[PDB]
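What follows is a short report on a single structure.
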Amino acid sequence: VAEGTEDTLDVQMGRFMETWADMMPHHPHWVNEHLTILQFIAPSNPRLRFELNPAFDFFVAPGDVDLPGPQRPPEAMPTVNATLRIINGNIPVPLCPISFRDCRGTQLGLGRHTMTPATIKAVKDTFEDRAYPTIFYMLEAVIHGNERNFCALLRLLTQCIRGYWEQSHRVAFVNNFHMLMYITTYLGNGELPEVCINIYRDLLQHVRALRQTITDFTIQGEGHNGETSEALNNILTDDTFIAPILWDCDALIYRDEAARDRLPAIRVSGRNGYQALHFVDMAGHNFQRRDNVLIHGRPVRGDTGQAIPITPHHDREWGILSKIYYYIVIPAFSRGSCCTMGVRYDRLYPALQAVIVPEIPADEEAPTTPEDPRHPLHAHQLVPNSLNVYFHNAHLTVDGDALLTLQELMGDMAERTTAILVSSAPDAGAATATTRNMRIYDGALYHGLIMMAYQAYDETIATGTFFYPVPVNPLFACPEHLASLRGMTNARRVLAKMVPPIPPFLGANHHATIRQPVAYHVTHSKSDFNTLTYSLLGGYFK
Amino acid sequence: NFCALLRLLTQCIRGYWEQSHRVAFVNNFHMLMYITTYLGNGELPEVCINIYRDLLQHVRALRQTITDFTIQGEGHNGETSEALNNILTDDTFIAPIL
Amino acid sequence: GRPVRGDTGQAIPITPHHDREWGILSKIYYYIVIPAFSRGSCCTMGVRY
Amino acid sequence: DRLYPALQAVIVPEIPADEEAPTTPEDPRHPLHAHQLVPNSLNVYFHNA
Amino acid sequence: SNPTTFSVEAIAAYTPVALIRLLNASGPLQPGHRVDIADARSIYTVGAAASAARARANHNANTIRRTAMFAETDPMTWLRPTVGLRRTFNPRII
Amino acid sequence: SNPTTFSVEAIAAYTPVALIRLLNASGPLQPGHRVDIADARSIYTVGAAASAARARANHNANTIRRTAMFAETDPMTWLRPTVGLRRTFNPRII
Amino acid sequence: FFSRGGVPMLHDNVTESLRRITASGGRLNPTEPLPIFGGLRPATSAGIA
């Protein structure tokens, strides 16, 4: 597990690519989960002598190296290290199979809430859609999970979601967790059609049913050293474990407050610790920032100021539901095809400045249909390199004021995406005198993104213009999305087909919490879309 | 040429679809790629693009089925394991129509 | 054929239009999906420009 | 004590005689029109619903 | 046109032809004479293609100008990205 | 505007630009000169947003004024509760 | 793989890797150094059940 070096995450990923082109001379031993029980048990297996404890992963690590180190690994004699297996599905697939996990998931979700097949069909269609418009991605990048930024754009978002629904019968904005909250809350009283809000409410009801199942299988009243029983049995209710994509800084606040005894460490692009300065505007945008300053966003029921300290935006239940969504519902539907990337705001914000809303005269009615010249999406006003061509490519019709709300959105911004690598000791249940030296490193992308599927043959937008692939999970690995990275060869493409590329400044496989066998379970299981979610929940028990 | 003839091909495919309920331009592989990538945001009706995308999804499912039944990381003399096990993933073998 | 993103010229060498995966998908389509639907009734042929 | 003063403000306009009462909310004579959607009245409570 | 040997389909095949919707070959075209020339088919093909693009001439005071279509590297490309129009609209301007 | 060195895209990038629907960078934009200066992208970005909010100017005599959106503690708040508009209406006033 | 004399493959790494996968998942195998000028006896084991 390497360390950050205060770069812009495009240079660092490229340096990792040039390092990884010749860093691996052979196939690593932690990928081969395609073996059955008989092949794993057979004496020719070199991994069989390193599987001794049921709650420990033994590997080979460089000696005399404190684990967060430099970019180039120092040369030393190899030694055998161990790391605690926290998740009970992190046992390898030849020792804990897929069929057993699916039958346990069928046992778990007996009387619980299940999803209607209409929502399953629509969500599966929009997760496997390669012609998913990029305008949703740019809107989710600029809004960036702020409640005021969402609710300043209710007209445009209602028109966009309605236009995407009643032309292809697929749901929109299911990518981000801080979108279906806001749609089920604000756009749920009748603005959207009857079938859209049913899909969103069914997804939210399934998330809360998974949370209730987690609460059901624990026994409350046993709290040891500032850890609740939910955080001491499960992981999706553990505040130390964070979401893969962070939009607000409240998750780091709850992680730093809740743990408090297992020695924490946050490395945000170089220096240690975050700063969380909010209210960034046009005068002080500073797109090229080398510090560790994050954007918390504007608290709306209060004052931003300078000496006013930061506060969490939402409840503690929001983090639990976000973790449950991002770690169960997304990999059950995408099935290992989605990939996390950051954004290029210095190439995205000037592409958002160009709106060609015309000058409608006074005492005149606003045009609705796009056949009149007064409509902003009429062919007379489709000047290239504006936002009108962007909305016309997706065949979604909008009005003038819905496009003019972008200026009100523009008061709050986001500077750039950065890699946050957190670290902690194991919890108080398993903190003996020798496991405190072992630590867990798992990285997350501040102001990142996720695409459901990758299109490579769409030439209306050049590749790598806005998003560049920085994947951090075994679940969210992407052998196909790496073509979006600048300077990609086919040798690296067949190198990444067998090994999931996770950079060492975002955690390693044998040191993280989510490991390879759960990704093998989400990508090589064909059972259902409801039993897979409960099987994944049953896998996430300590 | 396809991105220049988008409007005429949209009218042609729509006229062939909503008179006999038959999918058009399915013979060429460099036609349904361009239909799914470009004419897939609502220019065609809701049922045509579902047919094209379902065919493309089945093709990619066959590709993943090929990928699953091999063992990666074993390649001899500039040949990947897929080309060493299969033929549809072998670059020496060529398409019937170029 | 005319390249999408570039200048033709004469001294510029030929570059492939698409990814290597396009060849794989074309082979899979032309050797599986076409003979499964047509069932030996379709015939490959040239044209008279 | 914090509900009845919130129920006082009704912004029903003054419709002249020999005129039809509006039904759709698009015309400015309707109570739920955006012209008479003044904040902190019962009209915004009904419009949020 | 004059005195440049109007086409009668014996030897008068020539590239700078200027006609549109010509009902000449289709019926008022009594059969070919005892004249060898073989590449008159290629002369007519370039000629008819030239006499159709020149036959456009107008309709461009009605149809808007052609655009970038794809996304190439425009001469700035350092303060705004490039995105091309997919020609699915109706260019008529009225 | 004058004599404030109109934008010729060499060094004349400046924040108080006053234009709207400028088709200057998109095609009449002969390539960038032999000048180092790199932060003209940031100057253009602040300038274009200033040249778009000023380009509203009108459209505020047509749409209604902005409201509290959410519910905050406005200065009275002891004889009536506060509820903000959800901006889903069509502000046009006609 | 205990017999020598037949025609070999052109690439030596292909034959070596083929013997390596063939030896995995079996009891009796030629010894790992491949003793030239020898009988290719299998490696002896522990006691017999």
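Rule-based calculations on the coordinates, nothing more; no lab input. Reconstructed Cβ throughout: ideal geometry from the backbone, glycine too, with neighbour counts over all protein chains shown.
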Mind checking which residues of the stretch A:358-373 are surrounded by fewer than 12 Cβ atoms within 10 Å (Cβ to Cβ) and closer than 17 Å to F:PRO91 by Cβ?
A:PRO361, A:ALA362, A:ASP363, A:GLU364, A:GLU365, A:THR368
Could you tell me which of the residues A:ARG301, A:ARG316, A:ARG335, A:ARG374 is closer than 30 Å to A:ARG211 by Cα and free of Cβ contacts under 8 Å to residues at least 60 places away in the same chain?
A:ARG301
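Here is a yes/no grid of residues against (1) of a type in the set (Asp, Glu); (2) more than 23 Å from the chain's Cα centre (by Cα); (3) closer than 14 Å to A:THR8 by Cα:
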| site | (1), (2), (3) |
| --- | --- |
| A:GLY270 | no, no, yes |
| A:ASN286 | no, yes, yes |
| A:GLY297 | no, no, no |
| A:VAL300 | no, yes, no |
Would you point out the residue of the stretch B:8-24, among those that are surrounded by fewer than 16 Cβ atoms within 10 Å (Cβ to Cβ) and under 18 Å from B:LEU56 (Cα atoms), that is nearest to the chain's Cα centre (by Cα)?
B:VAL23
Exception for F:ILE20 within (1) free of Cβ contacts under 8 Å to residues at least 24 places away in the same chain; (2) away from chain E (no Cβ under 14 Å); (3) within 19 Å of the chain's Cα centre (by Cα) falls at (1)
Of the residues F:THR67, F:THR82, which single one is surrounded by 13 or more Cβ atoms within 10 Å (Cβ to Cβ), within 21 Å of the chain's Cα centre (by Cα) and at the interface with chain D (Cβ under 7 Å from one of its Cβ atoms)?
F:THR67
What are the residues in the stretch A:144-161 that are in contact with a helix residue (DSSP H, G or I) (Cβ under 8 Å, 6 or more places away or on another chain) and outside any loop (DSSP other than H, G, I, E, B), if any?
A:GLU147, A:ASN149, A:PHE150, A:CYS151, A:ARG155, A:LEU156, A:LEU157, A:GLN159, A:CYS160, A:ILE161
Any residue in the stretch B:62-82 that is more than 11 Å from chain A (Cβ to nearest Cβ) sitting within a Cβ distance under 7 Å of a residue that is buried (at least 17 other Cβ atoms within 10 Å of the Cβ) and among the charged types (D, E, K, R)? List the pairs, counting only those 6 or more apart or interchain.
B:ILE66/B:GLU82
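Here's the yes/no breakdown for (1) within 14 Å of chain B (Cβ to nearest Cβ); (2) within 22 Å of A:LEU192 (Cβ to Cβ); (3) touching a residue at least 60 places away in the same chain (Cβ under 8 Å):
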residue: A:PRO92; (1), (2), (3): no, no, yes
residue: A:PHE100; (1), (2), (3): no, no, no
residue: A:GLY111; (1), (2), (3): no, no, no
residue: A:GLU140; (1), (2), (3): no, yes, yes
residue: A:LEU156; (1), (2), (3): no, yes, yes
residue: A:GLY163; (1), (2), (3): yes, yes, yes
Please state which of the following conditions A:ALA428 fails to meet, knowing it meets all the rest: (1) touching a helix residue (DSSP H, G or I) at 6+ places or on another chain (Cβ under 8 Å); (2) buried (at least 20 other Cβ atoms within 10 Å of the Cβ); (3) farther than 30 Å from A:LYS124 by Cβ.
(2)
Taking interchain pairs and intrachain pairs at least six residues apart, which have beta carbon atoms under 7 angstrom, with the first residue in the stretch C:31-49 and over 30 Å from E:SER42 (Cβ atoms) and the second in a loop (DSSP other than H, G, I, E, B)?
C:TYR31/B:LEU88; C:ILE34/C:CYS42
So the check is Cβ under 9 Å with 6+ separation or different chains; which pairs have a first residue in the stretch B:1-12 that's under 18 Å from E:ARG92 (Cβ atoms) and at the interface with chain E (Cβ under 10 Å from one of its Cβ atoms) and a second one that's β-branched (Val, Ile, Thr) and surrounded by 16 or more Cβ atoms within 10 Å (Cβ to Cβ)?
B:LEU6/E:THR88; B:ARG7/E:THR88; B:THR10/E:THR88
From A:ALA172, A:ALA141, A:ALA131, grab the single residue that is surrounded by 22 or more Cβ atoms within 10 Å (Cβ to Cβ) and either among the charged types (D, E, K, R) or outside any helix (DSSP H, G or I) (or both).
A:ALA172
Do we find that E:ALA57 is away from chain F (no Cβ under 14 Å), of a type outside the set (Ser, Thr, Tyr) and either without any contact (Cβ under 8 Å) to a residue 40 or more places away in the chain or within 30 Å of A:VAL389 (Cβ to Cβ) (or both) in this structure?
yes
Looking at the stretch C:26-46, is at least one residue more than 8 Å from every other protein chain (Cβ to nearest Cβ), loosely packed, with under 10 Cβ neighbours inside 10 Å and outside any loop (DSSP other than H, G, I, E, B)?
yes
Restricting to the stretch B:47-71, and then to whatever is farther than 24 Å from B:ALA83 by Cβ and of a type in the set (A, V, I, L, M, F, W, C), can you tell me which residue is surrounded by the fewest Cβ atoms within 10 Å (Cβ to Cβ)?
B:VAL47
Complete set of residues in the stretch G:21-49 that are within 19 Å of A:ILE41 (Cβ to Cβ) and away from chain A (no Cβ under 14 Å):
G:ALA49
Can you pull out every residue in the stretch A:222-281 that is without any contact (Cβ under 8 Å) to a residue 60 or more places away in the chain, part of a loop (DSSP other than H, G, I, E, B) and either crowded, with 21+ Cβ neighbours inside 10 Å or hydrophobic (A, V, I, L, M, F, W, C) (or both)?
A:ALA276, A:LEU277
Taking the stretch B:86-98 and the residues there that are surrounded by fewer than 15 Cβ atoms within 10 Å (Cβ to Cβ) and of a type outside the set (A, V, I, L, M, F, W, C), the one that is nearest to B:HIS30 (Cα to Cα) would be B:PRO96
Hey, D:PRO5 hits all of (1) of a type outside the set (A, V, I, L, M); (2) outside any helix (DSSP H, G or I); (3) closer than 14 Å to F:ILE64 by Cβ but one; which does it fall short on?
(3)
Which of the residues belonging to the stretch E:46-61 are assigned to a loop (DSSP other than H, G, I, E, B) and either of a type in the set (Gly, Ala, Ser) or touching a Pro at 6+ places or on another chain (Cβ under 9 Å) (or both)?
E:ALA57, E:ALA61
(1) facing another protein chain (nearest Cβ under 7 Å); (2) more than 30 Å from D:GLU26 (Cβ to Cβ); (3) without any contact (Cβ under 8 Å) to a residue 24 or more places away in the chain; (4) within 20 Å of the chain's Cα centre (by Cα): which one isn't true of F:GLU72, the others all being true?
(4)
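For every residue, the table says whether it meets (1) within 14 Å of chain B (Cβ to nearest Cβ); (2) under 22 Å from A:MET341 (Cα atoms); (3) surrounded by 20 or more Cβ atoms within 10 Å (Cβ to Cβ).
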{"position": "A:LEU406", "(1), (2), (3)": "no, no, yes"}
{"position": "A:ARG416", "(1), (2), (3)": "no, yes, yes"}
{"position": "A:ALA419", "(1), (2), (3)": "no, yes, yes"}
{"position": "A:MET498", "(1), (2), (3)": "yes, yes, no"}
{"position": "A:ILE502", "(1), (2), (3)": "no, yes, yes"}
Of all residues in the stretch E:23-45 being more than 14 Å from every other protein chain (Cβ to nearest Cβ) and part of a helix (DSSP H, G or I), which is nearest to the chain's Cα centre (by Cα)?
E:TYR44
Would you be able to say whether some residue in the stretch A:483-496 is within 26 Å of A:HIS144 (Cα to Cα), part of a strand (DSSP E or B), in contact (Cβ under 8 Å) with a residue 12 or more places away in the chain and within 20 Å of the chain's Cα centre (by Cα)?
no
